[PDB]
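Each of two forms of one protein chain follows alone as structure tokens, named structure 1 and structure 2.
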Structure 1
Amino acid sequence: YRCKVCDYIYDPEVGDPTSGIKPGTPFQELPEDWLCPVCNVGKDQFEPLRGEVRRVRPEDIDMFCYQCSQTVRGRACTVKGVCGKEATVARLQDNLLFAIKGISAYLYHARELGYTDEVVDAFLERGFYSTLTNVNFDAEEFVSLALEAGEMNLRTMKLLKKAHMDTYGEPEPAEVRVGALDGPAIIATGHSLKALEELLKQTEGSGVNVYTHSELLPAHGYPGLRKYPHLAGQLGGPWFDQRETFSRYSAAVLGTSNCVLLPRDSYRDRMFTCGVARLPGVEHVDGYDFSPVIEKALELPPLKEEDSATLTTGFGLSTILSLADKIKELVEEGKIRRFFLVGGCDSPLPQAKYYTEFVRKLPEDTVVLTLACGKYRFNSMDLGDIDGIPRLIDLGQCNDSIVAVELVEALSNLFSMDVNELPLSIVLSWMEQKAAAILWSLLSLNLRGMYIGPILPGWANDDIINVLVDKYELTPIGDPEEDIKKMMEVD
């Protein structure tokens, strides 16, 4: 028998002479209250010879957990928990943890605006308590808890969108100049619209121009944010062009939320962090006091005007609903054949080129709704429109997933069909915990047949992957052409 927890082999050939086990005693001729000499688990946590359990190299660590003192050798539980928890349950606990992390991020951003939800904080406590050492061992309960986390994330994104709309108005379409103007510059990266508003308020009259980057692009749609003239436009693209963007523009850089990367020496003395963002050797902004960043921007050599391009962002729900009747006409005529939700968080992985290919081969009688940084794979494509309806529609940040939700609910009422009968396909890009919370949000809405890229989450063992694919029909991204062919044929 080899120990499930620490892979200690009890071999009936040796026995244990020091304890009374003369050499030759079978495993089942051991005392009843005998425990493991390494991990202190009973006779049950001994399995008849499995085979080279750990010995992991290219992958296959069965599980990981070192949160309690019982952990094997004081380093990590990696096959089975000393507490008795198996690998699948540990991975489900980590899944719930990531979802609640995404919820907590959106919660922090809402509270930045004075918007609070008590039941969500209670659920945070409840979930983190559920992932303690010896509290919960039920996997199905963790499925239930993941779905409840999806529901709470719906609620949290709803609260954050209400915070944004009350503080800045409902976003409406805006053509954003991507390209520099003449003058000192501050580039802002992240999600915090409150930090951007404070900076814009502090820079009115200073004459330094403020540009958005990555997930701060949707700010150009908010009436309370676009009203500032020194909000010049976009500059750079998604988060991972950061190191080149911040290098090439001679500007002060401020990172407001996550997706900030370790800086390169070219712009290290001209970068700042604020909110929760924090980098070693980078100056951090005390609350919202952006005096150092403005100082830097005015000390730096100004930017140079450049032939600019444009991006179109900020489709609030109301702008889309003012087009519902034409969309109805167009689908019933047949001049629009399907809606595709293609977006979410991105990564510099090669498999994410899939997205640029996917939209590039999409038929021209289709429309795309995009989201988060994964929009920067195809938002510059000149796709045009269908009888006045744009083929690309930018709802905003990842937290604007919620309006996407609202949209389908309208569409189900528009065409008088159940949600899982619409001419709608869903293609997710995920990268972080916020995306995990969004994914479980979509799963709590029973959205079947969704596609996911660039990879399946690293915390999902075979058990979890199969539960998703057989109970929720979550389809991994494969080949763009074949995927489109599968999604569009009711024939």
Structure 2
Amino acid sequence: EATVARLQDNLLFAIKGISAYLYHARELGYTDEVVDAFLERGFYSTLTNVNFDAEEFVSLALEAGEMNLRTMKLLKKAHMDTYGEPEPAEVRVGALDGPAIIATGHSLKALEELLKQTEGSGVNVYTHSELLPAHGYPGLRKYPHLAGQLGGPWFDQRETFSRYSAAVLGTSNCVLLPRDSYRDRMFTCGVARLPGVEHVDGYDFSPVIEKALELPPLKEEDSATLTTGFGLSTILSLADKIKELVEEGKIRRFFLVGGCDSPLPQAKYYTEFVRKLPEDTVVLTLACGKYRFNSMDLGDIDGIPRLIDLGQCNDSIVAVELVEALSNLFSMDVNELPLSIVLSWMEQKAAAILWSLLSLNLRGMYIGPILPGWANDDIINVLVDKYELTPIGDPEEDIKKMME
């Protein structure tokens, strides 16, 4: 039927995300055999004339969410064991004088190697989109020529890359066909590829550095700031203040807003939402959706930041950790916390994280811009009604329903 095809394609999307995280984990030298065996099994379950059962495909998607939790935890372990655990970090958004390299994507091993290969050369390495969290890691902020942030979300890149006479390095996910304005100024490594752009051999970034030096330098602009790298230790070392502040009702609610973004007009929702959120709530944010609002002056709530940047998409594992630290902190069940979840969700890119969240039986979440919601019975009707997954609507009404 149609639903069997839709369900196997969704499982394949989850397997893709898990494989992304697994690839980056292997690049840092961490490998889990059980997740690889699940990749084999799950992908194999989608060959023609093997499995015709929709409910078994839902079971497989939930097992995929579990495996995604496993590999996200493994990748977090890799990142912390190589670069330290991320601590809060304010980051400059604007050009500094000099030659420059803009690195975009997810991988921190490529950024590590580039930063190692750019010492003393006098080129500034800027982060973009999901390389912003790198600024919070001790073993990465230590390089002083990691200048700051430049640009915002991934889908702005053709704009950003256009207006900065800097070398361009797409390390991983969410890369986009270059304008010929900067095509000959762009490079890729790892798995990312663009036709007509040079691909770095291994981690030998001489071609980019050379290019960065053949280019007119950047000129310093008026900048702005961002905050990122809120690692778990920082958050649950603040547990006393959060306890005291939510017991007196001076912090009413935690909202978890974030996820993979897109230039969809409906995604403007996430800018309005946090804008209308009452000033006595705190927002936990991750992945690219953060650029919908992470530049707003939200303020402080008794010295606790109203915006808390947990990092990149694969840092979902810290959020799920925090809630189990929060529940045990309040002696509450997981669904008794003053927590609402508003996802920004792409079907292709972040199916794995949604299925991980459903594996934990989290009820009443709000889903991404458009609803890929598989129209037919078993999926949308039965699965939504069981997990009470909710499509986003109007910001004010959604906030009213979430506060109650």
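Note that the rigid core is defined as the largest set of C-alphas that superpose within 1.5 Å between two forms. Numbering runs along the sequence of structure 1, starting at 1.
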Against the rigid core, a Cα displacement of 2 Å or more between the two structures applies to just one of 445, 422, 460, 450. Which? 460
What is the Cα shift of residue 361 between the two structures once the core is superposed, in angstrom? 0.1
Once the two forms are fitted on their rigid core, how many angstrom does the CA of residue 432 move between the two structures? 5.1
